[PDB]
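**Q** Have a look at this one.
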Amino acid sequence: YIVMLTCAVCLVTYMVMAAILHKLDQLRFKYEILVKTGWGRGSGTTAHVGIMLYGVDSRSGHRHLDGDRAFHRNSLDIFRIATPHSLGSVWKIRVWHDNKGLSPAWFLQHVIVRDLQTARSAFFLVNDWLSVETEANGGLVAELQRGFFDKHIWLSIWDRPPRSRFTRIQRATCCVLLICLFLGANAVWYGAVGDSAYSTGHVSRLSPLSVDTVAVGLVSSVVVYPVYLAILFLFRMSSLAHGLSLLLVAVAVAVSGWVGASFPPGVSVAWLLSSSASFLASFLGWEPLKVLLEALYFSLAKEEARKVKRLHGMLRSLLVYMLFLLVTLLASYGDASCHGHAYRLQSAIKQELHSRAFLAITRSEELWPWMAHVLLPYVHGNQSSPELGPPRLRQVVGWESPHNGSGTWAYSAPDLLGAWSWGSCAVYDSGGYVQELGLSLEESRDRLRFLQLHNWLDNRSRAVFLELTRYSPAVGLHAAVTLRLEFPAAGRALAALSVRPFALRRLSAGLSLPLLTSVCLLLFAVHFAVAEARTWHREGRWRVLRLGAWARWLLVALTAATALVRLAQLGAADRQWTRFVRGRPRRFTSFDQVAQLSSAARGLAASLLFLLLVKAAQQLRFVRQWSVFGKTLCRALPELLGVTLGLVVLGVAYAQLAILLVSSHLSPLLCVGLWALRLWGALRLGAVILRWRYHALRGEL
Amino acid sequence: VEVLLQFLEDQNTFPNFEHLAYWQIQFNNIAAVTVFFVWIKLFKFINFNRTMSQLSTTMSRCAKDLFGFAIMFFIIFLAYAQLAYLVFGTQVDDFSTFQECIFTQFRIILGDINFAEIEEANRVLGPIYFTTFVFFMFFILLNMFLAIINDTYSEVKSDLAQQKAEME
Amino acid sequence: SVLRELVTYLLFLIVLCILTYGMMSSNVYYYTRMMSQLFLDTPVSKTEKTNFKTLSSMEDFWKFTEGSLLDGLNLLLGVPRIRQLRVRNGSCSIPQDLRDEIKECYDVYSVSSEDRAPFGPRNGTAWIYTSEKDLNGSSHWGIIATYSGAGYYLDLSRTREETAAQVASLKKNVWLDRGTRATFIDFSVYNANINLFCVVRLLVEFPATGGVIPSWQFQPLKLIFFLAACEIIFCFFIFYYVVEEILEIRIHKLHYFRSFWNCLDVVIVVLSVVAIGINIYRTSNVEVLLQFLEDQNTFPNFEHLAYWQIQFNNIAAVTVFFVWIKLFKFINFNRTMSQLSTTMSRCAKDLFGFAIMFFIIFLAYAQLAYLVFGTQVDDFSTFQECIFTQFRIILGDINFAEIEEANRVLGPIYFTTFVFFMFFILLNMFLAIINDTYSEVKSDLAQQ
Amino acid sequence: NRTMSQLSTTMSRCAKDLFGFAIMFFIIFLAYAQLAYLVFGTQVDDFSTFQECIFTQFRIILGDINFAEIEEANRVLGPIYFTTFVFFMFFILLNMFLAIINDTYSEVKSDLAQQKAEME
Amino acid sequence: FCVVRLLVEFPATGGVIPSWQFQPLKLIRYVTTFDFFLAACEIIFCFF
Amino acid sequence: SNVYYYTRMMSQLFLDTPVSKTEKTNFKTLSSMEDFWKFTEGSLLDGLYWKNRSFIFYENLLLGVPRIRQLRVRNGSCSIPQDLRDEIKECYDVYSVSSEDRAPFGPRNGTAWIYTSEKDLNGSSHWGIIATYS
């Protein structure tokens, strides 16, 4: 699952064959002042020109001189085009106009500037006769500046020279090939036994990134083999040549998903580290070294450019999303697909053990026969499902059979990280009157009777029950069992039970898988809490009930709460283990707090993965005929929620003669929720408000 | 039947009919989907009356818009199946696997669930699931499926009144 | 004033919504079954397994009731009661062409079709009939017949010693004779764990050519800081309402109102007057109860006091329903609350017109199912109960494996053409009325 | 009444169009009865004969079926039957019966508003 | 002819999960007159 | 239509008859390993055999012999942590093909106590509820 979800999220993010294709259908950097040369006589060359204006993160290419009068004999030129690469007041800008027809003897004068910067007049004076399209080597290997082709790399290429220099959207098939050739080839250095060689390796987990040697030491090793072949696909740039690239990733997902079926769970968290750090080699080192060797030296209408700035920033939020989705999808649904939720069968035995969950006794002086049907199976247990410490029973003051010289003092020192969950009576602590550590296999078979001679019951206005924990080694998980007898004064007993299965992982002395994601999720709760300060601290105040910053502030309050109950579970599990393994066959105390806190981390990362998919169908309005479906539903909703005000005024009164005459939210959610499933006419009044708006919205398009 | 003729000689051994009875499942699954895809191609021919072409033009000009909302329906629908599987998946029989968490959502739409096990499995988030599922499915997501094929049928029929009252 | 002099509608209404569920504690529900756990669920011994909800034969009915009533003889009061119906011998006719089959014929337990019939041991009022002037009685109409309030209350003592002694007479001078038509009892528990007033009516019927099909009857009635402090304000904010809304007759369209969303207040004001008038003979009953705790030798007469009490606590809940819609008639303060009241009030002319066409189809399937299925199926037994089982079809709730078994052909012709016409035609037309009405209100305000 | 003629004109001008869709409803409806009879007809009591495979489809519409025998009789094609029956009946084939008699009633009533204005 | 199979599978954390499979099968095929006609209706299906 | 009443009455004999005259558990409600033993001597033997040959319901016929097969897991098939090594002695694993037992055990007389391969026996895979068994 870990090897498979990262294999598919990196393949679903090749829906940037849709975003880049829409950028493919197209293809203060220039002052708007008048340019005129009044120097060169008899040298009008009816030709084109090319501007050489490179600078601060901008490489503005040439021009294409379209002539109305075709730049006729003995003339000059003045115009304005839209340079899509913006350089400010940097000291590098030039021009180059060819020698067509006869040779030009023109000393090309200048080009005046008024809005060169943002309304700033820098006086340009070229005033020099040039060679055959020579340039201005002035302000504002012979040509050693070359090397500013820093976008002839796969690393951070959303930018190209215009209308030429191919593989615009083909360069996003050098990604899908490059990504999965590190995902496949790193899975082969991890366990792929074969028949390979001469002490190559057997298992090779070896402390994954807890010491910083091996899992980064393979990163600079598995890049060398794909670039022996993945540099051959920038040789096709002068078809089915493109098709073998999609074929190569098509086999590299099947080979990778076949080998990684049996990794130990430390060999999967290393496979992420040894592939993300191997990615980082070809981003930061190899592409930065590929940009040197290629072409060392061969000296041997106005609004459409604003549209693209929207489409960069839409593609930048897709690189954030399809990695933040991949962390949450790997946290909750990562481990709990084979271990966790394939085994509720662990829960299913103990319900059908204890002879059908003590058959729901609910009686005070019963369960003493049934105590000889929980102690008898679960003190010898010759079939399976071993013990893991002795059980007990707690009691909630009023100690009987006093003899209070030095005994009579069931302590149960209540020091614990919270209060245990509620029932019908109260919210019980840890600290009852814990006597009765039932043990030694036969006195526990005879302290069913010794708790009948000495009466230890019927005081302190309420009372209590037992707690048991156990685990099976086959699946790698545990179980925390609390049976509870409430003794109300009115009823005989209230009896309800709880079986909590969980995995006991604590630190692995420094690194695990949910220790990795719950630090990565902690980064996105710092990334978004800063991005909501660039709006709230400077850009606007009185931010009241606008559900942009009212709900992107909840996604910070839920991402940060996910990683602070997962590190709370991993830090509650080592302290509970260590005080257990001190006195190992001795006490009972341990694992109901880790279990209750682990499901509050699993059920809270699922609501995160909920919101991350509702956002994925909100992000579907970018097909224009389907964009009605969102707008007609965010427009009916302020009024269809208002229809449900009056349905509360009547539907409660629809219960105030139905459940009021039960003799002739607990009840109300079974009066509101359990009513709208059977009675169904009050479900179809919302049909009007949608088709009234859906026609008024379709009639607007 | 070269297995049964080996057993009809020897009346004292074990007859291996397990490889023979597995392909009876596959023959009854394939020859029943095939019968289902024969009665659907009766729709290609039915198409006789004037009032039969109006009901085929309606369902065929709608399915572009109707498939577009059936994707937005399932993303909400497969996000409640994420929530119920992670919350109820250890206590309740009806939410045991993710394949069977989907099937029990369609049971809610028909009725069929008492949820006295649902509010017992979880006290707070149990009915927050149940009320906000019945709210969004029956007030929003069902009434939108109606509103698509209601405005489509009301636009086919007014188009043919510009075909009869313009060629009268 | 729409908020000042009309504040009597919405402000006092939260008192009635709270003091209804505030006074109605669990004793009419929880203790109503915590007294019903012994006289209805306990058989005689381990020998007899069919309790009083499964009794058929004559002395087998004497094996049903005789055990649990001895434990009943909390702490009850009054005395025992063992009565029946007395039918004549030659009350009906038979044919003299095969008269060696019949000997006598009679009719069901009716008013004039019965008789007195004293036979044999006339030493007491057990085997000798009487009138209803001694005891209390009225005609009671279950699922068998509309009975008579007369007979002879053959009582026993408050102890189970003489309840055992008169049970020795129950072999010969029995409760079942050759015209045995009913069997009834009466009790009332003065419970200590809930100091409340109880009732009982435990009847096992008798139709001819067979035995019984029993029926239970009882209800709880609790005896009574905010204990009884919800008595003055439940009448006082109605006390100026009997002075204002009856003074509204001098003004409102010159006494000539003819409205709906404001006449539901003055109609339920008359349903308030179902409560305000009653407490002058019936709810002020002390002399029904002051005889009860005084003399121990007398039997209980407060079981007949419970009969006018069932429409005391059920008719009082009728002021819950119309008072909320008349609140939402005044409660539609928003702009989006007036749109939902204008919709339902401009529709109900058209919507009542289709509710007549709905019921004529609906009461024509009830004609068909009663005449076809009315002899085989329990769910179609009477015409009153053939209607109730049609609404069950709409909810689901019927397996119809008894329906296709009762009739092979016309059974599923009924069932498919009922689900077809109700769910494809008659339900979708109710939608189409209030859909075009709401879409015509909203477009009218866009012209406003 | 005037409001009684409007409800008879609605149901009588509709039944030409409404009978046309009741044929297209049954061909889908009698094609699921082909599928369930051939697949479930050996394991499940409720799909025993073809006459009784039809009657148990109307039970689905009312509720009335637990289908814990259906997913047990066949593991894969069992719930492919059940989900794509509840999908097509309750989202498509029921809402189309509404849309016919909704646009018909909304065309009768607007026709008489061109009649109650022509009188004055 | 029916072919029965009766699974009982024991999980870890051992309970019991039973399962069964009963399937009839016609395996003698040319007997009556009506199954001659079903044999004559298979080849007509192969022609279409 | 003559098919359904045959595969219904076969499902009545083996799945609805109780395992013994004094108990209540069916084959559909087996809950322990000991309940499986009181089935295969209780109602299998009353369900196959009707006293020659064995005509079920006096009109069926039992073809030859039935047989019982069994899948088993090796002993040393899981790794248990070093901290609670003392109380737990030996473990077992969930059914995978890599964790299957093949060594003969116990009274190694017959063909029951010795593993055969899936080819030497003329068999094939089957897809259960938990896993897919060889």
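So the protein sequences, as listed, match chains A, B, C, D, E and F.
Under full-length UniProt numbering, the residues of the first sequence are numbered 3075 to 3101, 3117 to 3229, 3250 to 3347, 3556 to 3617, 3657 to 3752, 3783 to 4050, 4081 to 4117, in order.
Here full-length UniProt numbering is used: the first residue of the second sequence is 532, the next is one more, and so on.
Under full-length UniProt numbering, the residues of the third sequence are numbered 219 to 291, 313 to 463, 471 to 694, in order.
Here full-length UniProt numbering is used: the first residue of the fourth sequence is 580, the next is one more, and so on.
Here full-length UniProt numbering is used: the first residue of the fifth sequence is 436, the next is one more, and so on.
Under full-length UniProt numbering, the residues of the sixth sequence are numbered 244 to 294, 305 to 387, in order.
Every residue gets a Cβ at the ideal spot worked out from N, C-alpha and C, and that includes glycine.
1) Could you tell me the distance, in whole angstroms, from the CA atom of C:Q636 to the CA atom of C:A612?
2) According to DSSP, is E:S454 helix, strand or coil?
3) Assuming A:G3957 is part of the alpha helix (DSSP H), what are its boundary residues?
4) List, in chain order, every chain F residue whose beta-carbon is nearer than 7 Å to that of A:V3302.
5) Please report how far the alpha carbon of D:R581 lies from the alpha carbon of D:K688, in whole angstroms.
6) Taking contact to mean 3 or more Cβ pairs, one atom from each stretch, closer than 8 Å, check whether the segment 689-697 of chain D and the segment 668-675 of chain B are in contact.
7) Just checking: is the beta-carbon of E:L473 within a distance shorter than 8 Å of some beta-carbon in chain B?
8) For the alpha helix (DSSP H) that F:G290 lies in, which residues bound it at each end?
9) Could you name the residues of chain F that B:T544 contacts, counting a contact when the two beta carbons are closer than 9 Å?
10) Verify whether the separation of the beta carbon atoms of A:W3263 and A:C3283 is less than 8 Å.
11) Residue range of the beta strand (DSSP E) that A:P3887 falls in?
12) Is A:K3706 helix, strand or coil by DSSP?
13) Report buried or exposed for E:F472, applying the criterion of at least 16 other Cβ atoms within 10 angstroms of its Cβ.
14) Looking at the structure shown, is C:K461 part of a helix, part of a strand, or coil, going by DSSP?
15) Can at least three beta-carbon pairs, one atom from the segment 3084-3093 of chain A and one from the segment 3271-3281 of chain A, be found at a separation below 8 Å?
16) I'd like to know if E:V443 contacts chain B, where contact means its C-beta is closer than 8 Å to some C-beta of that chain.
17) Should C:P319 be labelled buried (16 or more other beta-carbon atoms within 10 Å of its own) or exposed?
18) Tell me whether A:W3128 is buried or exposed, calling it buried when 16 or more other Cβ atoms sit within 10 Å of its Cβ.
19) Compile a chain-ordered list of the residues in the segment 617-635 of chain D whose CB is closer than 8 Å to at least one CB of chain F.
20) Could you give the residue range of the beta strand (DSSP E) that holds A:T3868?
21) Since E:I452 meets chain F, which of its residues come closer than 9 Å, beta carbon to beta carbon?
22) Excluding the 5 residues preceding and the 5 following C:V532 in the sequence, name in chain order all residues of the same chain whose CB lies nearer than 6 Å to its CB.
23) Alpha carbons only, please: which of A:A3208, A:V3285, A:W3603 and A:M3346 is nearest the one belonging to A:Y3337?
24) Taking 8 Å as the threshold (C-beta atoms), are A:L3565 and A:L3286 in contact?
25) So, is F:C331 buried or exposed, given that buried needs 16 or more other C-beta atoms within 10 angstroms?
26) The segment 3706-3723 of chain A: which residues have C-beta closer than 7 Å to a C-beta of chain E, in chain order?
27) A:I3182 and A:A3251 - do their beta-carbons sit closer together than 8 Å?
28) Could you tell me whether the Cβ of F:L324 comes closer than 8 Å to any Cβ of chain A?
29) Straight-line CA distance for A:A4022 to A:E3918?
30) Near B:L539, what residues of its chain come up, given a Cβ to Cβ distance below 7 Å and the 5 sequence neighbours on each side ignored?
31) Looking at the unbroken beta strand (DSSP E) that takes in A:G3177, where does it start and where does it end?
32) Closest by CA to C:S352, which one among C:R325, C:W366 and C:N375?
33) In chain F, what lies closer than 8 Å to B:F538 by C-beta?
34) Do A:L3229 and A:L3197 have their C-beta atoms within less than 8 Å of each other?
35) Hey, C:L228 and C:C476 are a contact pair by Cβ (cut 8 Å); roughly how many whole angstroms apart?
36) What are the boundary residues of the alpha helix (DSSP H) that C:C437 is part of?
**A** According to the data block:
1) 8 Å
2) strand
3) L3940 to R3968
4) Those do not exist, as A:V3302 stays about 12 Å from chain F at its closest Cβ, beyond 7 Å.
5) 11 Å
6) no
7) no
8) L287 to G290
9) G317 and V318
10) yes
11) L3880 to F3888
12) helix
13) exposed
14) strand
15) yes
16) no
17) buried
18) exposed
19) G620, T621, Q622, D624, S627 and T628
20) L3863 to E3872
21) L273, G381, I382 and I383
22) none
23) A:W3603
24) yes
25) buried
26) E3708
27) no
28) no
29) 29 Å
30) none
31) Here A:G3177 belongs to no beta strand (DSSP E), and DSSP marks it neither H nor E.
32) C:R325
33) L316 and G317
34) no
35) Rounded, the Cβ-Cβ distance is 19 Å, inconsistent with contact.
36) Segment: none, C:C437 is in no alpha helix (DSSP H) and carries neither H nor E.
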